[PDB]
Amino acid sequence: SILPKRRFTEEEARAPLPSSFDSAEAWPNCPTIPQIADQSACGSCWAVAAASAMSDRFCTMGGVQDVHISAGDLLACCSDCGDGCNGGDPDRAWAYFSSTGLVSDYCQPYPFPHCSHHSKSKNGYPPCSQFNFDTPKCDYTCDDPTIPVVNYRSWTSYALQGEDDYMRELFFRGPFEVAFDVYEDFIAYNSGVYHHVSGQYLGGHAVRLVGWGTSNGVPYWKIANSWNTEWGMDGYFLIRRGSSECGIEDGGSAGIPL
């Protein structure tokens, strides 16, 4: 990783982590945590999962209860993180938050509308397959220019790897970004603990880790996807935990809001 690897203190290391955990239950006064994102018809998962977690950490660590960090700013402005709507790099996203900073979604609201991701929408959202969205130009003022820019930064960023690092980081500091290999069987997930069994490789996908538990003897992670609440289990999926299912334990990205 381009990031330094997380080191836990002796006290953090010996915490006896519970058999289940849910970020929204751990920090009930942090309203961003249960909010599910919609990346729209743009391959910006890397920036949306990052911004969502950054928002959550503003509340779990940074003393700010309800600031939504702008995924739009990240995806348009961190040209070196990757290629905007054509995908990008979670670790570089967190580094940018530390080196450069991000405005809120009040300053720069997400530029792309709700759409239905691999299903028919009860809300009446058009299918994402109908939209042709390029990366927007980076803007350095608010969309409404009478709103003053407030640039938010982290003071440090770091990488996590493996089941214990993930559980322990989540327990102490709250949601963070992870990535995994998407196969076609993931797309129609609705319930259960996901495990890859069929379907072709479709690409890498970055998502926000929020909890863990065990369901009928099967350990899992609880993950917030970015495909709105109509996908999966109210916008979430559970996925197997412990043997890096689809690579999901191979690398997490995090940091600490100032």
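The first residue of the sequence shown is number 1, and the count goes up from there.
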Per the PDB record, is the mean Cα temperature factor higher over 117-125 or over 167-175? 117-125
Selected stretch [higher average CA B-factor]: 35-43 or 196-204: 196-204
Compare the CA B factors listed in the entry for 158, 110, 96, 131 and report the winner. 131
Could you tell me which one of 63, 217, 213, 28 shows the highest CA temperature factor in the PDB record? 217
Sort the modelled residues of this chain by their C-alpha B factor and say whether residue 105 lands in the lowest, middle or highest third. lowest
Lowest, middle or highest third: where is residue 151 by Cα B-factor in its chain? highest
What third of its chain's C-alpha B-factors does residue 19 belong to: lowest, middle or highest? middle
Sorting the chain's CA B-factors, does residue 182 end up in the lowest, middle or highest third? middle
Taking the C-alpha B-factors as the PDB entry records them, is residue 190 in the lowest, middle or highest third of its chain? highest
